[PDB]
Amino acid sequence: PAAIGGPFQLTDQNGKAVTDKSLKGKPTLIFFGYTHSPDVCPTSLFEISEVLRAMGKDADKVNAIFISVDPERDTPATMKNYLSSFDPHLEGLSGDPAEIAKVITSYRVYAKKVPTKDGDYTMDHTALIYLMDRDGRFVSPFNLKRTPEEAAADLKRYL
């Protein structure tokens, strides 16, 4: 019962099916967040984007997977418009509350609603990046507190 990760079936920004099994065969970055406009922007998606950019053509040899923790507001359509400002290798995943809830359980993601006082809320979340191997097994968190060049060089070790 103490292992990070589990099975899932979601839908990417292009309406295509992506699962934990389709993510096998490559080192895989899994991380969590939301698209819908907050008062302050989290930087995880942009930082991964910069790592992917630093990887050049090797960005193809890894999976970089962004999963909504806010299924009630995030759709493939919302993901797609949002992801268009970041590296095109990125994948943004959606689904009904039950499949997101199922992924949230397996990865032990903190995700709670935080009213933003202007009338809406922010989905406060685990900002951690999960490294999974070619078999979808948890390796470690992936460190972003370094230059995208140092992070990229790290990720190339698994290639």
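For every residue, the number given is its place in the sequence shown, counted from 1.
Novice: Name the higher of the two by mean Cα B-factor in the PDB entry, 110-118 versus 54-62.
Specialist: The entry gives the higher C-alpha B-factor average to 110-118.
Novice: Check the entry's C-alpha temperature factors for 43-51 and 101-109, then say which stretch has the higher mean.
Specialist: Looking at the recorded C-alpha B-factors, 101-109 comes out higher on average.
Novice: For the chain shown, is the CA B-factor of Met123 in the lowest, middle or highest third of its modelled residues?
Specialist: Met123: CA B-factor falls in the highest third of its chain.
Novice: Consider only the C-alpha atoms of the modelled residues in this chain, order them by B-factor as the entry records it, and name the third containing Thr147: lowest, middle or highest.
Specialist: Middle third of the chain for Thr147's C-alpha B-factor.
Novice: Classify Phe32 as lowest, middle or highest third according to the C-alpha B-factor given in the PDB entry, relative to its own chain.
Specialist: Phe32: CA B-factor falls in the lowest third of its chain.
Novice: So where's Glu91 on the chain's Cα temperature factor ranking, which third?
Specialist: Bottom third by C-alpha B-factor.
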